[PDB]
Amino acid sequence: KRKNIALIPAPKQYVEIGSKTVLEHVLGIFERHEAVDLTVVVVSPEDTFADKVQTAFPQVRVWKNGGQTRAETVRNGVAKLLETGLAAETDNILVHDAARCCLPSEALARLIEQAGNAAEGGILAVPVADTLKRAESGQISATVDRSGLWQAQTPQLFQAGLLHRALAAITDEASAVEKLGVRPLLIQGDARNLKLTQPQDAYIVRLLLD
Amino acid sequence: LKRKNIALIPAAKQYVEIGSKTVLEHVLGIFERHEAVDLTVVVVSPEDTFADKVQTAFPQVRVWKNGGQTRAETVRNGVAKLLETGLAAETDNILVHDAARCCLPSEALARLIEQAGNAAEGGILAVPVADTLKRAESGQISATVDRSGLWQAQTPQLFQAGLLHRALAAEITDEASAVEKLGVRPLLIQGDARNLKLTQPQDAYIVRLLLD
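Structure representation (structure tokens):
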């Protein structure tokens, strides 16, 4: 009865890869996933291409009311899901990155299975493998202890009400929730669930999709 | 007599069969086909059973059966025998590389040697931390750590043999940290996303997929 709403705040989401753009590959994962009950994508007011995404995914909702920053648009999205009746305060919101278009099904599964029924919420993440270094101006100014450190991935699953309190007044959704006194879980993410930031990342993604 | 570039691979699972050759064979292949790399050594443990057949595919490469009990130790042993045997002069570059990073781009290694090769301090291949970092506590997030100006170290780690030799004798997870404790600040050279270390089963998928 409690729903699982995918929320995707949405510049490489339009890249052509395979046959569809990055976003199309992202929506596909959520809309084809059993556990996910609904998927919403917040785009900017005058987002010229979003319109065409809507015609491939009618069940998905493309609201043209984004903010100037990721943080803001997630806020807007959650406040229109709550304020419309689509999401009850206790419904789960899975915020996902527009560019992580290689999210395994069993990873998403896993998030919902361990974070879905945990008040605190949960985030997909992988343990820091590599030694960490603090750069200064091209040079190593120090080594930071990676002891018990994890790299956060999306999606980040939290109750809509909790999430709405959280963002109401600082990099991810989880950081907002940790500021309340709530410790979200850390769920094994995935190596292939990488964000397409650099051109170098496109290669591995294209290779992953196809 | 020009300054060399000696790849050093501490290898005391690098034996995973992927493609047609094992992980190690794919690593050695990168260094042995690379122009700028003058020599490639691999330190395996005393009684390593499968190192011998690696030698037969790479005669120029040298497999010394004298590893330590720990990565740090064996790198130390290898650098000490490269110096103590005359193969490497104090000013010669030693590129330590992870036995399991079998997807090192050629231009990446090229780049390391081009920017760290003639820089006393040394250098390491690394990529900036993209993702928010979180401090776990026992399955939960106990704190978010600022990723501002942080990089993820990769291999190889290129340093003069002598410097390296001083560094390791001191007494701390990678080579760079050892040189950093000398007052030396090794550079940060753009590494590669594909230059990933095969540690979990989930990585093999991506690696196999990369060696195609």
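The listed protein sequences correspond, in order, to chains B and A. Just so you know, the first sequence maps onto residues 2 to 11, 23 to 181, 187 to 227 in the entry's author numbering. Just so you know, the second sequence maps onto residues 1 to 12, 24 to 182, 187 to 227 in the entry's author numbering. Where a beta carbon is used, it is the ideal one built from N, C-alpha and C, also for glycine.
- Straight across, the Cα-Cα distance linking residue 189 of chain B with residue 141 of chain A is about 12 Å.
- Residue pairing by DSSP places residue 5 of chain B opposite B:104 in a beta bridge.
- Following the DSSP letters along the chain, one finds residue 124 of chain B in no beta strand (DSSP E) but inside the alpha helix (DSSP H) bounded by residues 117–127.
- Among the residues of chain B, those whose CB is under 8 Å from the CB of residue 209 of chain A are 217, 220 and 221, following chain order.
- Within chain B, 164, 188, 189 and 192 have C-beta atoms less than 7 Å from the C-beta of residue 143 of chain A, given in sequence order.
- Within the region 40–99 of chain A, the complete beta strand (DSSP E) segments at least 3 residues long are 50–54 and 73–75, listed from N- to C-terminus.
- Within its own chain, the residues whose Cβ lies closer than 8 Å to the Cβ of residue 30 of chain B, once the five positions on either side in sequence are excluded, are 37, 223, 226 and 227, listed in chain order.
- In the structure shown, residue 31 of chain A falls within a coil segment according to DSSP collapsed to helix, strand and coil.
- For the options B:191, B:105, B:88 and B:209, the alpha carbon positioned closest to that of residue 4 of chain B is the one of B:105.
- Look at residue 219 of chain A here: in three-state DSSP terms it is helix.
- Here residue 179 of chain B carries a helix assignment [DSSP, helix/strand/coil].
- The beta carbon of residue 132 of chain A lies closer than 7 Å to those of 199, 200, 201 and 202 in the same chain, with the five residues before and after it left out.
- By the Cβ rule, the region 138–155 of chain A does not count as touching the region 81–97 of chain A, because fewer than three pairs are nearer than 8 Å.
- Within the same chain, Cβ atoms closer than 7 Å to the Cβ of residue 127 of chain A are found at 133, 134, 169, 202 and 204, the five residues on either side in sequence being excluded.
- When the beta-carbon positions are compared, residue 165 of chain B and residue 137 of chain B come within less than 8 Å of each other.
- Ranked by Cα distance from residue 130 of chain A, the first of B:151, B:114 and B:143 is B:151.
- Close to residue 117 of chain B, with beta-carbon spacing below 9 Å, lies no residue of chain A; the smallest spacing is near 14 Å.
- Sequence-distant partners of residue 27 of chain A (beyond 5 residues in either direction) whose C-beta falls short of 8 Å from its own C-beta, in its chain, are 33, 34, 213 and 219.
- Within chain A, not a single residue places a beta-carbon under 9 Å from that of residue 92 of chain B; the smallest gap is close to 25 Å.
- Assignment of residue 199 of chain B by DSSP, reduced to helix, strand and coil, places it in the coil class.
- By the rule that beta-carbons nearer than 8 Å mark a contact, residue 153 of chain A touches chain B.
- Here DSSP, grouped into helix, strand and coil, assigns residue 174 of chain B to helix.
- Residue 192 of chain A sits in a helix when the DSSP states are folded into three classes.
- With a threshold of 8 Å between beta carbons, residue 3 of chain A makes no contact with chain B.
- When A:1, A:100 and A:176 are compared, the shortest CA-CA separation from residue 91 of chain A is found for A:176.
- In this structure, residue 211 of chain B places its C-beta atom within 8 Å of the C-beta atom of residue 114 of chain B.
- The beta carbon of residue 172 of chain B is closer than 8 Å to those of 6, 90, 93, 94, 99, 100, 101, 102, 103, 104 and 105 in its chain, skipping five residues each way along the sequence.
- Contact with chain B is found for residue 214 of chain A, since one of that chain's Cβ atoms lies less than 8 Å from the residue's Cβ.
- Residues of chain A whose Cβ lies closer than 8 Å to the Cβ of residue 201 of chain B are, in chain order, 151 and 152.
- Counting only Cβ-Cβ distances below 9 Å, residue 195 of chain B has contacts in chain A at 145, 152, 153, 154 and 155, in chain order.
- Inter-residue distance for residue 44 of chain B and residue 123 of chain B is about 16 Å (C-alpha atoms, whole angstroms).
- Here residue 60 of chain A is exposed: its Cβ has fewer than 16 other Cβ atoms, across all protein chains shown, within 10 Å.
- Residue 140 of chain A sits in coil when the DSSP states are folded into three classes, being neither helix nor strand.
- Taking a C-beta distance under 8 Å as the contact criterion, residue 76 of chain B and residue 55 of chain B qualify as a contact pair.
- In terms of Cβ geometry, residue 50 of chain B and residue 69 of chain B do not form a close pair [threshold 8 Å].
- It is roughly 33 Å from the alpha-carbon of residue 160 of chain A to the alpha-carbon of residue 117 of chain B.
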